[PDB]
Amino acid sequence: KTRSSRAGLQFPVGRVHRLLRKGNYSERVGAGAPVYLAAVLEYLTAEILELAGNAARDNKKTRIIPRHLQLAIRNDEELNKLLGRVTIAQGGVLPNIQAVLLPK
Amino acid sequence: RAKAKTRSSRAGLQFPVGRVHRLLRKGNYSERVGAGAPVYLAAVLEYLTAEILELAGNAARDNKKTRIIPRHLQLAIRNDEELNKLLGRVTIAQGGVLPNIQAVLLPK
Amino acid sequence: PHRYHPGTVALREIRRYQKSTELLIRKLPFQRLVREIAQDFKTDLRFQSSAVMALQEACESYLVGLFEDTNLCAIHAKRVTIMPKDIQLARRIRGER
Amino acid sequence: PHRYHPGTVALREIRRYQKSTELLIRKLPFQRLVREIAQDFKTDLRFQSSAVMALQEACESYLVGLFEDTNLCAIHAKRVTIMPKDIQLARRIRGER
Amino acid sequence: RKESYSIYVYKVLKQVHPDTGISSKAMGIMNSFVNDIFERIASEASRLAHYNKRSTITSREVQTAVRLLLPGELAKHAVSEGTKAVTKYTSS
Amino acid sequence: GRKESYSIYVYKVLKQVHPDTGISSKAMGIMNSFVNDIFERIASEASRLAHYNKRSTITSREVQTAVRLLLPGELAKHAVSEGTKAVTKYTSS
Amino acid sequence: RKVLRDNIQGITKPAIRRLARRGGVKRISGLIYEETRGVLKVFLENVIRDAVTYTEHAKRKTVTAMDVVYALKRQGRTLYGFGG
Amino acid sequence: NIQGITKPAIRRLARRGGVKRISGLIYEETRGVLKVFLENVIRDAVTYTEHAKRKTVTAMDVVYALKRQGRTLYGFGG
DNA sequence: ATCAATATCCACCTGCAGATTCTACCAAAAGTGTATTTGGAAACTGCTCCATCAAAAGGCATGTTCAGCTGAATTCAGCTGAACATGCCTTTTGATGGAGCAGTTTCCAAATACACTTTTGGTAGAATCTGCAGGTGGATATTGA
DNA sequence: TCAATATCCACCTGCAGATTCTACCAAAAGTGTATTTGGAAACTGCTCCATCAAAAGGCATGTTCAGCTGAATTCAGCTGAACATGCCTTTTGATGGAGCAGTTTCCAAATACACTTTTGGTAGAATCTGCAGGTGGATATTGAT
Ligand SMILES: [Cl-]
Ligand SMILES: [Cl-]
Ligand SMILES: [Cl-]
Ligand SMILES: [Cl-]
Ligand SMILES: [Mn+2]
Ligand SMILES: [Mn+2]
Ligand SMILES: [Mn+2]
Ligand SMILES: [Mn+2]
Ligand SMILES: [Mn+2]
Ligand SMILES: [Mn+2]
Ligand SMILES: [Mn+2]
Ligand SMILES: [Mn+2]
Ligand SMILES: [Mn+2]
Ligand SMILES: [Mn+2]
Ligand SMILES: [Mn+2]
Ligand SMILES: [Mn+2]
Ligand SMILES: [Mn+2]
């Protein structure tokens, strides 16, 4: 009976609607707008968690940490593009050593 | 009926306080706008405008022009470090660039 | 028969174009470029004339700025000649790649 | 007595710190720095500890990124050693100068 | 009380990786992420509405805003999901 | 259909700072762009400030803070003086 | 009603040279021209993509100056002079 | 206190940044740079604190200050 | 090229401190059911602009030749910067006490919203005004010989 | 010092572009209720801050040396300069029609409001996972043929 369940979403449609209404974005908010926005946030979230979870499994951790989020993000061209100006606290950087610096 | 004084004349300003208030009100910045906010904003916009015109006008005068053109605005902005900072990501159409040639490129 | 050394006319041209503000790409070819690209996103689009001019102002401003950065990179490598790797370095540090 | 060649341990350290995520500046010195700087703007300020930590995360992230760009500049000049002029070039192309 | 997106992030995590957890700090990062993207899309949608002199943010503004904000494939899948959710919602 | 712009005000200010100086239409177009730009930066920062502090009102206090965040150095100090002076004269009636 | 093709080549070597000159460049490798065409093309594409998105959103068939200004703005390259 | 940022700390940061060899002059240069960065951020942070009529600089003040300087930070209250 | 001989990683182990997940209570949000408004779509429709086409002159793109000087490749050692062993001091970590601030609630005086009615500043052309763009030539520098 | 060029630099005026003039009318301003709100009082527990202390481990220092940087040198082409050719850009006007604005009318969609249900935040308990050290084997680096 929640708007989220009606939309087949985990993310909260009602909260998103209230946040649109209170964010000084516009005088009015249409009914589909928070459904759509919630859907998009949920999708991007699932994408990042999918990759991060893979990295956590490879590191044989059951638990995702910032490092895994950073690995997931920087190794994906599109996520990295989307989050280009973003600093992930405790994420570190990708191991990358310029070829010229290596011996031989 | 008392004879109207504009909010701009009340504030001692050239920029239009009433218009600014209406623009704040209809840009969905906030549910309420204080009486002094459009005054303050109009005053700041007016000041920054006067600053750029002052510098640009000087540029036009040094070049013996009575008319300010985009070139003079650009000269004024890029030669003033704080304005250049403020407008760092701004393109001035028909502004050109500052004459600057790297020393190593010159002959000797 | 008179001949300037290579670089003397180049320098003269730097002074010339740094003093002026006119658009340096020919209008009509730029305009065809803009129309070709926009038609590829959506067909039968029109353009306000000033929209093409906004695009040209923006492009030339961007390219000129890019060439400034590229020039600093060439000089850093003890060169006077800009090369593709200079452009690529500048763009990498700009965040463009 | 055993001695690695200059650069071998450096490479080892690069692998090590690129693999790790911990803060690389010592806490008490950074915190002291933060408070010193803050006094110059407004006085008798307190800090949430997490505010100090945010500042340190931000600074170290900024410096590491700067050092990446700086390194690309050094290599561009066919050097393996970063120098102030590398930092200066990177900061100019970033728009910081 | 302070609200966050945590329980929803955890729900989505359990969907894509049923046996995988998340540290307190990685959850902090996911929350920042959701607030950031929300703010980008919402404020772009607001600008779209204003530019076109509308007082309503509709799913059309959100869709366009997503086309402006997300690169490539990401935008395509986002648009697909949004559309799908709105359709499912409208059906019931 | 009419369009509003800042042209007449920019011109008034111009005549104040440089009484014998004119301005081309394209330079006036750039000044109009400038005013609209700075307007949007200040107003949207002020809006953010108000939201952050759970107020529904944008006041001269938000505008001032926004100005201190957006303008460098002396530019901010002089803008703040002008703003302050205008609000006090205005409240006087 | 005449087909637009390969117009990136209309951006000529001497145009590109003038642009580098205004950029303070004294000497130019032969490979720059093609490189510059690629760069310009990417740039124009991105800007025009966003511009047209605004045009589509407004249910218009005409790209306006403002469409372009908004597209540049959204990409962090604010352009002055075209709010006419 | 800027000298409290030690040479091996700066070296470690450069290492994470992929740097193999470091000029003796870098350390001082890095300090100046770091100082400018911190100044700018803290300036805005304090402005936020003042605006909220507080005497305590919060994580959020720092986050908003970083955001407005185009350097979004995740994890501290975004 | 390969081969002994160290030095340092790196995967793996166990036993628990302690992060995370689970639980359960409860204000606060979300949902619901009606009732009412209203923003904005449709549908005409008059005018702008816009796209294409056309002409014609000359500005400028193009292609070519030739050689100045640049980039690239190389050689060498002085001296910078890395590696390392030592021992001292700054930072970490742990503990305590206290006070300075955020964060909350309640209640009005003050401030803002908003409709209705006047009143005027701002705008769109139209009329008027006038910089400066091009068009000259002569004087001063600069370049390369 | 002299030719060959290029660049200043002052001068001149008519017309494209800027400014001023005019008069309607949209939008501000005045006025008078209606609604909100910000902030003073008076609290109340948390975080911070200040101080104190021990001891670990990381930094500062001095010495030695490997090798990188920068200077010096050399040469083959690449790229700039100069020129003739001739095309295509630039300017400006015509033409026909697509597309925008502008206006009116009227619902599908959005807000408002009163009240009930449902949920998400929160802080301890319960659960279980990283991680601190330690190991031994795996991978490299060094030095020497
Ligand atoms: Cl909708
Ligand atoms: Cl106010
Ligand atoms: Cl190259
Ligand atoms: Cl240097
Ligand atoms: Mn003056
Ligand atoms: Mn009614
Ligand atoms: Mn209506
Ligand atoms: Mn030809
Ligand atoms: Mn020939
Ligand atoms: Mn050379
Ligand atoms: Mn030696
Ligand atoms: Mn009047
Ligand atoms: Mn002239
Ligand atoms: Mn005329
Ligand atoms: Mn629940
Ligand atoms: Mn108990
Ligand atoms: Mn361990």
Side-chain angles (χ1 to χ4, degrees), chain A residues 1-3 12 14-15 17-18 27-31 61-63 103, chain B residues 1-7 16 18-19 21-22 32-35 65-67 107, chain C residues 1-10 12 15 26-29 44 46-49 78-81 83, chain D residues 1-10 12 15-16 26-29 46-49 78-81, chain E residues 1-4 6-7 21-24 54-56, chain F residues 1-5 8 11 22-25 55-57, chain G residues 1-2 12-15 27-30 60-62, chain H residues 4 6-9 21-24 54-56:
Chain A
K1 328 202 133 178
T2 64
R3 291 194 268 165
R15 183 175 287 187
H17 189 148
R18 182 250 304 168
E27 208 210 350
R28 308 193 142 190
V29 183
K61 271 80 172 309
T62 52
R63 210 149 69 201
Chain B
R1 185 72 130 206
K3 201 209 289 203
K5 322 201 286 293
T6 67
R7 292 195 268 167
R19 182 175 287 185
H21 190 154
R22 180 202 96 216
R32 309 195 119 206
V33 178
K65 293 301 186 313
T66 52
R67 199 162 318 128
Chain C
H2 180 84
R3 271 196 149 257
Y4 292 105
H5 287 333
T8 298
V9 184
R12 237 151 54 210
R15 290 181 248 267
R26 294 171 312 171
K27 301 302 186 44
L28 177 54
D44 298 296
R46 308 181 153 226
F47 284 78
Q48 293 185 333
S49 171
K78 321 283 197 43
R79 282 183 284 95
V80 158
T81 304
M83 300 177 160
Chain D
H2 183 88
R3 273 191 89 84
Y4 291 104
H5 290 150
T8 297
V9 186
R12 234 153 55 210
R15 290 178 195 107
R16 185 195 157 177
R26 292 177 313 170
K27 296 301 190 45
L28 175 55
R46 309 182 152 229
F47 285 78
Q48 294 186 333
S49 53
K78 320 284 197 43
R79 282 185 283 93
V80 157
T81 312
Chain E
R1 325 162 314 171
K2 327 185 292 192
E3 61 185 27
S4 76
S6 305
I7 66 183
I22 183 169
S23 69
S24 165
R54 309 302 192 192
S55 45
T56 313
Chain F
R2 24 167 288 166
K3 315 190 205 190
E4 279 173 4
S5 75
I8 65 182
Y11 210 84
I23 182 173
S24 69
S25 78
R55 307 300 192 191
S56 48
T57 312
Chain G
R1 294 296 179 194
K2 51 199 169 202
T12 63
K13 164 180 166 175
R27 208 167 178 275
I28 307 171
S29 150
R60 280 189 271 97
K61 292 219 169 187
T62 306
Chain H
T6 67
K7 165 183 166 177
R21 209 168 179 273
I22 303 169
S23 148
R54 282 186 273 96
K55 287 222 168 188
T56 306

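Lettering follows sequence order; numbering is per chain, from 1. Just so you know, these numbers use all the heavy atoms, side chains as well, and skip hydrogens, waters and symmetry mates.
Summary for the helix from I/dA4-J/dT142 to I/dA145-J/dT1: the axes at its two ends, each from 5 pairs, differ by 120° when rounded to the nearest 10 degrees.
For H/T56, taking side-chain heavy atoms from C-beta onward, the closest of the listed nucleotides I/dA102, I/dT62, J/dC49 is I/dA102. If you check I/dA102, I/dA51, J/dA27 against the side chain of F/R2, the one that comes closest is J/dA27. Of all nucleotides listed (J/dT31, J/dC100, J/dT89), J/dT89 comes nearest to the side chain of C/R26.
A/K61 has no side-chain polar atom (N or O) that falls below the 4.0 Å cut-off from OP1 or OP2 of J/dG130. Contact check, E/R54 against I/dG39: no side-chain N or O comes under 4.0 Å of OP1 or OP2. Residue D/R46 places no side-chain N or O under 4.0 Å from the OP1 or OP2 atom of I/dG100.
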- request: For each nucleotide in nucleotides 103-123 of chain J, reading 5' to 3', give B when a protein heavy atom comes within less than 4.0 Å of its base, S when such contact involves only the sugar-phosphate, and - otherwise.
  value: -------SS--------BSS-
- request: At under 4.0 Å between heavy atoms, which parts of nucleotides 12-23 of chain I does protein reach? Answer with one letter per nucleotide, 5' to 3': B base, S sugar-phosphate only, - none.
  value: S-------SS--
statement: With sugar-phosphate taken as primed atoms, P, OP1 and OP2 and all else as base, the protein-contact string of nucleotides 68-83 of chain I at under 4.0 Å (heavy atoms; B, S, -) is SSSSS-------BSSB
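Residues meeting the side chain to side chain donor-acceptor pair (under 3.5 Å) test with D/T81, sequence neighbours left out: H/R21. Residues satisfying the salt bridge (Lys or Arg N to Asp or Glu O under 4.0 Å) criterion with A/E27, sequence neighbours excluded, are absent altogether.
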